[PDB]
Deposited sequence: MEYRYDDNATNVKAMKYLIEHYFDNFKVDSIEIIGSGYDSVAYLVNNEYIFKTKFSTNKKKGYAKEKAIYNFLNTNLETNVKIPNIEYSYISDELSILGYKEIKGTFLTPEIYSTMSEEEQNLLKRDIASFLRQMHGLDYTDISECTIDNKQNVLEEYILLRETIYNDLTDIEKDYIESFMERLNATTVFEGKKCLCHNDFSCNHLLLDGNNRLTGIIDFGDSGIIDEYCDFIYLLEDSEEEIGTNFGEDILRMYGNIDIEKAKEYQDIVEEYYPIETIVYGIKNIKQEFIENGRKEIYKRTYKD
C-alpha cells in the first residue's frame, strides 16, 4: 500500500506540472490497472502498458461530454498522460453511492421504478447518438471471438481434454447459428454493471463511470449485466423492466445475447491467460468448464 502510493504520487506530480498531492489512497484496482483517490477530490486511473488503451477511453469521455445532454454525471478528463509504457487519466470524483443488490432491495417500489427509468433514459440517449465523430471506435464481438478461437487452435487447443474441446466447439456451433449480431449497432458503455452506477441521497441515478470498454457495438451489449442473475447484480427482472421502459428492442434476443456471452466467459478467461502468459487464468477457465458441464 505505502509504496505503490508513493510512486504514483511521484508520477502524478512529475507529469502534471503544478499538481500537488496532499493525499492519495488506492480506491480500486483491476488485474492490470490501479485507481487512486487523490486529495479526496480526484480520481486517477493508471495503467502500465498491457495489451492496450487509455487513449480510446479518453476520446470517449471527450466525445460524450461534448454531445450528451443529460443530468447524469460522467468522468470529465482534466489530466491525461498517454504513452506506450504508462497511461494516466485524472478527473473529479463523482460523488455518490454505488448501486448494489442490498441497496436496491431496501428501495420502495417507486424508488426502484424511478431508477429503472433513469437508466433506460440514459441508455436511450447514449445509444441514440450520432457516432460519426468517434467512428473508429468500432467493436465486432463475433469477429473477436473467431480470432480468439484461432489463437486457441494455434496454441493450446490440442492439449485440452475432450470435455473442454466439446464445450468450446459447442459454443462455436452456437455462435455460428445465432442472429443476435445482425441487429442495431450503436455507441454502448459495454461494461454496464451496477458497480459502475452511482446513486444520490434519494436513490436516483446521479452518475456513471468506467467507459473504458465503450465502443460502437450491438445495442444488446448494454443489457448483459442488467439481465444477469448473480450475487453481484440485481437480477433478470431488473433488466427486463428496463428493456420494457427502453422500448423498441427484442427482449428475447437481448437475453440470448447475454446467455451467449455468459457461455463464452470461461473461454475468454482461457484466452486472456494465453495472451498475457498467465497459467493461472488458463487453469481457472478450464476448471470453470468442468463446473458448468456438471451443473
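Where does the model skip over parts of the deposited sequence?
Unobserved in coordinates, per deposited numbering: 1 to 7, 60 to 61, 305.
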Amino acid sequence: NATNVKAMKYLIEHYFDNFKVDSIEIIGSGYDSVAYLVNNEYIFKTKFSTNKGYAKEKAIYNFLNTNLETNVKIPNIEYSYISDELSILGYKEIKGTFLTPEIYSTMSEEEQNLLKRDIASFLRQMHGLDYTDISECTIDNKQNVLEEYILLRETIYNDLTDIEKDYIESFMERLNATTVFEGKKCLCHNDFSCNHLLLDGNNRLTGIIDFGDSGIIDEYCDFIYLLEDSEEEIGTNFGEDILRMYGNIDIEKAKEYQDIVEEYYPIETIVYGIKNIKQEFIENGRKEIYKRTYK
From here on, numbers count along this sequence of modelled residues.
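By rigid core we mean the largest C-alpha set that fits within 1.5 Å across both forms.
May I ask which stretch, 254 to 262 or 31 to 39, sits farther from the shown form in 8 other deposited structures of this protein once every structure is superposed on the core, judging by RMS CA distance?
Farther from the shown form on average in 8 other deposited structures of this protein: 31 to 39.
Find the stretch among 220 to 228 and 149 to 157 with the larger RMS C-alpha deviation in 8 other deposited structures of this protein, all structures being superposed on the shown form by the rigid core.
After superposing on the rigid core, the more displaced stretch in 8 other deposited structures of this protein is 149 to 157.
Please determine whether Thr269 lacks coordinates in at least a third of the other PDB entries of this protein that model its flanking residues.
No.
Can you check if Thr236 is missing its coordinates in at least one third of the other PDB entries compared, counting only those that model the residues either side of it?
no, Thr236 modelled in all other entries.
On average, are the C-alpha B-factors higher in 43 to 51 or in 256 to 264?
Of 256 to 264 and 43 to 51, the stretch with the higher C-alpha B-factor average is 43 to 51.
Which wins on mean Cα temperature factor, 236 to 244 or 24 to 32?
Between 24 to 32 and 236 to 244, it is 24 to 32 that shows the higher mean C-alpha B-factor.
Tell me which of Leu160, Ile209, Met126, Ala120 tops the list for C-alpha B factor in the record.
Answer, based on the entry's C-alpha B-factors: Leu160.
Looking at the C-alpha B-factor values in the deposited entry, which of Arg153, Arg204, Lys116, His196 comes out highest?
Highest CA B-factor of the listed options: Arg153.
Could you tell me which third, lowest, middle or highest, the C-alpha B-factor of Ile216 occupies within its chain?
As the PDB entry reports it, the C-alpha B-factor of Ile216 lands in the middle third of its chain.
Compare the C-alpha B factor of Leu68 with those of the other modelled residues in its chain, then answer lowest, middle or highest third.
According to the entry, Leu68 has a C-alpha B-factor in the chain's highest third.
Among the chain's modelled residues, which third holds the C-alpha B-factor of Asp133?
For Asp133, whose C-alpha B-factor we compare with every modelled residue in the chain, the answer is the highest third.
Considering only modelled residues of the same chain, in which third does the CA B-factor of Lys185 rank: lowest, middle or highest?
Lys185: CA B-factor falls in the middle third of its chain.
Where does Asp250 sit by CA temperature factor within its chain: lowest, middle or highest third?
Ranked within chain, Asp250 CA B lands in the middle tercile.
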